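Numbers for residues simply follow the sequence, beginning at 1.
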Amino acid sequence: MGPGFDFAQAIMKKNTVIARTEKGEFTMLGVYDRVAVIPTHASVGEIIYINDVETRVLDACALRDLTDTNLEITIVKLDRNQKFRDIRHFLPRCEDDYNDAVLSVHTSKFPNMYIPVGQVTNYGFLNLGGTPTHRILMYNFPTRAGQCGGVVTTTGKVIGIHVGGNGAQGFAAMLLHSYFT
């Protein structure tokens, strides 16, 4: 509808796949080469389905901060025959608050879904499903099951991936440039 949705659509059309684990179907953001991200609660194993094709996982790292606190981001290297467009230059360098963000989801249940979530707070600490979690972004939208892995963007930045909600607010894990050097 406008330039927020334009940037979101550009990311979805080239930099997302549908990932399936034993824990469900997730939006998965490809960042560069064969490297992608997914919520840690997807429980990535040795094999994952990528657009319904059996794919070997070459490496998987569940990120934690230097206090040994969950960040809810798993970085996955896929045994895929094709690279992602390199979008690392759209990643923020530091923790921040944002205006006018879009959450974009693409799964079998929710194809071509875009949600204007509005203002995004650097929330910080969240007890996410019982697990202490840091670097959480919050937006005041009633996000639902099937949105995990959804990409959070502003115009010109890819800022996070959706990891949960409480019925009234949604929560994303930050993406930072330093995760992907």
Side-chain angles (χ1 to χ4, degrees), residues 1-17 19 26-32 35-42 62-67 69-75 84-107 110 112-129 131-181:
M1 278 217 155
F5 294 108
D6 201 27
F7 183 75
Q9 182 177 260
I11 297 301
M12 297 306 291
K13 282 176 172 276
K14 287 294 172 163
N15 281 81
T16 63
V17 297
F26 299 84
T27 306
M28 164 175 269
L29 178 74
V31 181
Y32 75 106
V35 176
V37 292
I38 191 171
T40 297
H41 72 253
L63 297 184
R64 304 183 68 91
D65 73 13
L66 292 183
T67 70
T69 310
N70 180 49
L71 291 168
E72 199 55 22
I73 298 291
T74 292
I75 305 176
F84 301 115
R85 176 197 186 190
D86 189 345
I87 57 163
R88 287 179 288 182
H89 59 286
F90 301 139
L91 300 175
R93 274 150 173 288
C94 53
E95 304 184 20
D96 212 348
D97 313 278
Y98 298 90
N99 300 303
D100 196 26
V102 171
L103 171 62
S104 51
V105 166
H106 189 85
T107 65
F110 292 145
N112 303 301
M113 163 186 295
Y114 302 78
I115 307 166
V117 293
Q119 263 181 16
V120 176
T121 305
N122 178 1
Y123 191 90
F125 171 92
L126 183 70
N127 189 352
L128 175 65
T131 299
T133 306
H134 287 161
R135 289 181 174 155
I136 292 292
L137 298 168
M138 181 275 286
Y139 31 87
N140 280 290
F141 188 91
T143 64
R144 314 223 187 75
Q147 284 156 199
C148 293
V151 186
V152 187
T153 60
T154 66
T155 84
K157 302 215 203 60
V158 178
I159 69 170
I161 65 164
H162 188 76
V163 295
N166 64 24
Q169 305 169 305
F171 298 106
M174 287 176 191
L175 293 166
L176 298 175
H177 185 92
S178 55
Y179 296 167
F180 302 104
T181 71

task = Quickly, which of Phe141, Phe125, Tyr123 forms a ring-ring contact (aromatic ring centres under 6.0 Å, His included) with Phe171? Name it, please.
result = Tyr123
task = Would you please indicate yes or no on a ring centroid separation below 6.0 angstrom for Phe7 and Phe90?
result = yes
request  = State, to 0.1 Å, how close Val152 and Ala101 come at their nearest heavy-atom pair, and which atoms those are.
outcome  = CG1-CB, 4.0 Å
message = side-chain contact (heavy atoms from CB on, under 4.5 Å) for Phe110 and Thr27? Distances and angles first, verdict last.
response = CA-CA 10 Å; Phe110 292 145; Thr27 306; over 6 Å; no
inquiry  = When you compare the side chain of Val120 with that of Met138, does any pair of heavy atoms fall below 4.5 Å?
reply    = no
query = Should the heavy atoms of other residues, nucleotides or ligands under 6.0 Å from CZ of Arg144 be counted, would the total exceed 12?
reply = no
message = With a sphere of 6.0 Å drawn around CD of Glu95, does it hold more than 12 non-hydrogen atoms of other residues, nucleotides or ligands?
response = yes
inquiry  = In the structure I gave you, are the side-chain heavy atoms of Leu137 and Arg135 within less than 4.5 Å of one another anywhere?
reply    = no
query = Are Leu128 and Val163 side-chain neighbours, meaning at least one heavy-atom pair lies under 4.5 Å?
reply = yes
ask   = Below 4.5 Å, heavy atoms only, C-beta onward: do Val158 and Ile11 meet side chain to side chain?
value = yes
query = If you measure from OH on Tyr32 to CZ on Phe84, what distance do you get to the nearest 0.5 Å?
reply = 11.5 Å
message = For a quick check under 3.5 Å, do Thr133 and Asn70 share a side-chain donor-acceptor pair by atom type?
response = yes
Donor-acceptor pair between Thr67 and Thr69 side chains, under 3.5 angstrom = yes
key: Gap between atom CD of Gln147 and atom OG of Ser104 - 0.5 Å precision   = 11.0 Å
ask   = Could you walk me through whether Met28 and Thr16 pass the side-chain contact (heavy atoms from CB on, under 4.5 Å) check?
value = CA-CA 6 Å; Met28 164 175 269; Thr16 63; over 6 Å; no
ask   = Do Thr74 and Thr40 get their side chains close enough for a donor-acceptor pair, meaning under 3.5 Å?
value = yes
task = Taking the side chain as every heavy atom from C-beta outward, state whether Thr121 and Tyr98 have any pair of such atoms under 4.5 Å apart.
result = no
request  = Applying side-chain contact (heavy atoms from CB on, under 4.5 Å), run through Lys157 and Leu91 and close with a yes or a no.
outcome  = CA-CA 6 Å; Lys157 302 215 203 60; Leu91 300 175; over 6 Å; no
task = Would you check if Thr107 and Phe26 make a side-chain contact, meaning some heavy-atom pair closer than 4.5 Å?
result = no
request  = Flag the pair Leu175 / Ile159 as yes when at least one side-chain heavy-atom distance between them is below 4.5 Å, and no otherwise.
outcome  = no
Worked verdict on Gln169 versus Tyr139 for side-chain contact (heavy atoms from CB on, under 4.5 Å) = CA-CA 6 Å; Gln169 305 169 305; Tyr139 31 87; over 6 Å; no
query = Should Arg88 and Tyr179 count as side-chain neighbours, where that means a heavy-atom distance under 4.5 Å?
reply = no
